[PDB]
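One chain comes next, on its own, written as structure tokens: the form deposited in one PDB entry.
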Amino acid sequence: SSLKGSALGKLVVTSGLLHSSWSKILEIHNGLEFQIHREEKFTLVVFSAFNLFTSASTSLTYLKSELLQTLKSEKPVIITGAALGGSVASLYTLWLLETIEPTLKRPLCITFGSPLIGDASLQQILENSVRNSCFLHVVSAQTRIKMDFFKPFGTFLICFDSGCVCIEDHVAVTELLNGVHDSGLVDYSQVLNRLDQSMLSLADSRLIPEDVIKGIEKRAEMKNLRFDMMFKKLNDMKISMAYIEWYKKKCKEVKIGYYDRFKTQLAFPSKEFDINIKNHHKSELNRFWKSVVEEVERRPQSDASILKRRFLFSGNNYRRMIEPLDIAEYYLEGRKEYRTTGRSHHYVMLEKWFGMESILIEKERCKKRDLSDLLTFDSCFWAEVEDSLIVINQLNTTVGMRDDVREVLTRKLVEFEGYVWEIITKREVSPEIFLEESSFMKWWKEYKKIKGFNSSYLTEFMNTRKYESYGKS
């Protein structure tokens, strides 16, 4: 039942948080003058459209220092205001949290009957994210707020004849407060007194209809179903990745990298296993991981941990093993600059999360283990190679080219060679790149034909045939 809302309402009306905040607001009232009334622990500070926020930014730039200090101090931070001061405080707290870290104690912004124009885009961005957990509003059952461009953001506490009830369903909140706005604003002190009297009362009646609770329960059940369904489908995704593992093994057995094999198959389909791998497994894992990265980003699985290790470690391998296929597909259509121009979002998100997490690890690698089963760390590596190939063509087919573009391409080639030599020295690339019929050998042949007499570390390493003993021991 939805009464659970009113349940926590009781608690939010039992503590003197709202009462003390309203008393301080009345004292300050009875000009962006952010009066800080933090006595011992709390950070009670009243806020005194976009133009108002832009103007107040002058003092907000300095107040951010004290805000961050109080946040790091672990003291309770409360930010509220009037109809316009409340909206200004909501904007300030939203910006602070966008710049603040979720690790520390998150703030809470209460609006004292303060109308705020909420763009539908902003509401959809943080629809089910933890952001709304910081925003709460006061709306009396008598007065309503009818808006078209604006949208309700955060949770709303609707009063009644005796008591109050908190909710956060956007559609339900809109349907409840769908009524037109009333100019007459009852004294918030009278509302607080009535709420206190109701709390002291014996019993209270229910006013929420059945449709509201029906929709709320439907949304909760559907979200729980999505949660558990993704959790369970993780295992089927691992099982499907096992098939890609076996396919890569079989391709390696043929003396041809799986990347070039998949590229050739996409260019000229000639078998069924490749089509099944490209249209059955990859398309499912991509969608699953996209949905995961899109839904978890809103409301993380745990506080201070964007996601459990079971998911992050698996996603890292998924990326490092699948990104080459996306790079091949992107470079097969003619487009260039995959790393910067056409790289997906979930790949970068997973890479950044892994880089931020594994920093605390104390891993250690030996100089004797075999690298036959290693996975390239720089997933975009292949992409770079492709780019270089284009340059090679631009140096062979193109005739009568200006010296400026010539030197630019030469510098690009030399920098790519240096990068590849550096990545090889650190032993962070699988030996599969050294396969016979792989694109790497073609690029090496092109670079050798275009080099002439210039020699470097990579040139000698390739000519000496040492690459045969790269990962074998």
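Throughout, we count residues from 1 along the sequence that is shown. Take the two forms, superpose them, and find the largest set of C-alpha atoms that agree within 1.5 Å; that set is the rigid core.
The form deposited in another entry exists for this protein as well; it is not shown, and the discussion that follows is about that form.
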Residue among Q124, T103, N279, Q197 whose Cα moves 2 Å or more between the shown form and the other one, once the rigid core is superposed: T103
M147 C-alpha relocation of at least 2 Å between the shown form and the other one, rigid core basis: yes
Shift in CA distance, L312 and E101, in the other form relative to the form shown here, given it is 3 Å or more: closer
Cα-Cα shift for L312 and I100, closer or farther in the other form, minimum 3 Å: closer
